[PDB]
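In the structure tokens that follow, a single protein chain appears in two forms: structure 1, then structure 2.
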Structure 1
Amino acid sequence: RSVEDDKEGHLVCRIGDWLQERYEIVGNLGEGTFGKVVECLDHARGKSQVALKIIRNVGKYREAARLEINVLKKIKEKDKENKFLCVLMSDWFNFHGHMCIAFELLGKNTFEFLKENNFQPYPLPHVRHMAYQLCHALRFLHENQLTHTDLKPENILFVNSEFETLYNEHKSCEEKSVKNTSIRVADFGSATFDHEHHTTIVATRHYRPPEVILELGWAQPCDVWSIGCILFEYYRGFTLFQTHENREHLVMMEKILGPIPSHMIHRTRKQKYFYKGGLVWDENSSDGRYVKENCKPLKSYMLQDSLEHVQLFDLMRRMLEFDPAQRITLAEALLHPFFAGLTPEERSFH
């Protein structure tokens, strides 16, 4: 059987196809610039269901995937009972130049669920449970000297994304409400140990913290900022920072969170963003006018005034502190009174 690649180096495969006389493809899960993700049955392990990430036959992707595999091995080694909520690898192999990584099959990611729910946001009890698990998952990675650097809703999966369809009487429309809010953290390809080389830029732009934009260096607090942006997005169903460029991003940060601390401004070599100790930007530009119209103080985005909403917003604001040294740690976050509302099942991790 000839193995075939398309023009971009993606493996040509379809439902029905097999790999290593072992993994039978039974579905398509998704795709990206890295290649594709298929659902397989693993005939060597009782037909167990797997998500198999199939990387393009392109050197720079094969190399990144090899690094991801190495990261995953180290993580598994530190969490042998798979207790700390990560999507860990069951197998990996090089298939005619395509690196393939097999993972236990979970449900949809939290972005895809949001999207299939027409971007209607998660209810607060759901946001609260998800935030709790995220703080705990990352706290454990952080305590093992690791930073994720690429947290975003697409990288957070429901263990099971089965939902109930409920009629929202205030909206005159149906809503999908996930039956179980247990989640797992995925995509460790960019994860960086304390002692390893730190690239100047990390994170997906919408989830990238100011110390990274200002090239001030970064560590574990990077992940805390990203979690704050994620929690906003779960709660409102739209992205906190919908931006494509650094200068606009910083202006959004200022409108939503207040001024950038002067000490950060004085320390950055990125002085092109500043003029006279202050952000410089064209208020009359397409980006200028978009930000002035759409970006408001964080507190203004609260849907309700009850105590649990106030506590969410207090927590989010502490996650979104400009100075990574002042930013709440996840150890501290887990002590926040926002988490008093967890059911005992949610708190003990069921």
Structure 2
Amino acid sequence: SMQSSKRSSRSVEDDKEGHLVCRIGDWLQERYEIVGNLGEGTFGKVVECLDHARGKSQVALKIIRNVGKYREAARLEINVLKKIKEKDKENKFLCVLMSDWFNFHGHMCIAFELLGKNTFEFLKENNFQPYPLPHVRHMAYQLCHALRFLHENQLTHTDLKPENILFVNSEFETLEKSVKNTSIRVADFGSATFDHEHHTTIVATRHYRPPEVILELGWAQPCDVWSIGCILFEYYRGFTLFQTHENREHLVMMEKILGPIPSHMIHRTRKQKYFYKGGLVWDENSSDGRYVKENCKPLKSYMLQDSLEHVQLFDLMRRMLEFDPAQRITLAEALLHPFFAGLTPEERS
């Protein structure tokens, strides 16, 4: 219910978890009026606010717990978001960057422009009926465009997944639900790592994680290209390419679907226990063996239609899913792939 901004903004306390005790109608900075809850987690809470210094426009305000490790992780996210903003003065490269950040009584707070549903939540709301190829194509183009910019500015996202890709507007027609506008933005730069910085060993979410990270061979921009390839497959079929929670099984799935791992990646890994005489150790006859052999087929076998536009998609996905990160297509190269000849002039600009 409605409260005054000066009063609400100074009336403040935390709970035993170091969350800010707040509810709908509370204010921050005599500026942000809380009108809803967007999400929550170990880090803190995300609340929808009206921004009264900007005609009451909607924002997603992330409010971090009064806990040191979450405070410090947010400070890093903020420093990445500042560096991206300073490289993209005018926001041509489709990242969800901050509109504001401040320290509210030990709470790091980060404001973002409020966008629509993420590409996972839209798919779930459609009963996991996949995106039509034209939408996959436009979305593919935008991901390539966004990450290419970051990549050529010595940055790697490391955690691209459908939940971190947002529709500017997720309003839909019923034809299956079909989004009216396929414009997307790339979110969640908390893990993003510059070329010169320490690379944490295990990056990406399981389904989107490339072989060089599983085998601990060193990772860079190509990690994001593998993630994008997995994302395009899931947009196109509506289920993840790699339905697994264990490295050995995951690598076997990669072989069943993409062909053999290059021998020099097997030779270089510390993870020798996954291999015997240079081949993956795997029981074809076990319960998991039977499941993988029935469910994990060559990548081309997942095509829904045979027309050229579908061949072009599957060829680009093959290139984004090359085992050897040195041989994997770059996003600069991907943008020249003939799959993108199919974009409308409107999508292409």
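Throughout, residue numbering runs from 1 along the sequence of structure 1. Whichever C-alpha set is largest while still superposing within 1.5 Å between the two forms counts as the rigid core.
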| property | result |
| --- | --- |
| Selected hinge residue, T200, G27, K74, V159 [rigid parts, motion between structures 1 and 2] | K74 |
| Swing of the smaller rigid portion against the larger one between structures 1 and 2, to the nearest whole degree | 12 |
| Distance the CA of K272 travels between structures 1 and 2 [rigid core superposed, Å] | 1.2 |
| Rigid core superposed, the C-alpha shift at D6 between structures 1 and 2 in Å | 5.7 |
| Shift in Å of the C222 Cα between structures 1 and 2 [rigid core superposition] | 0.3 |
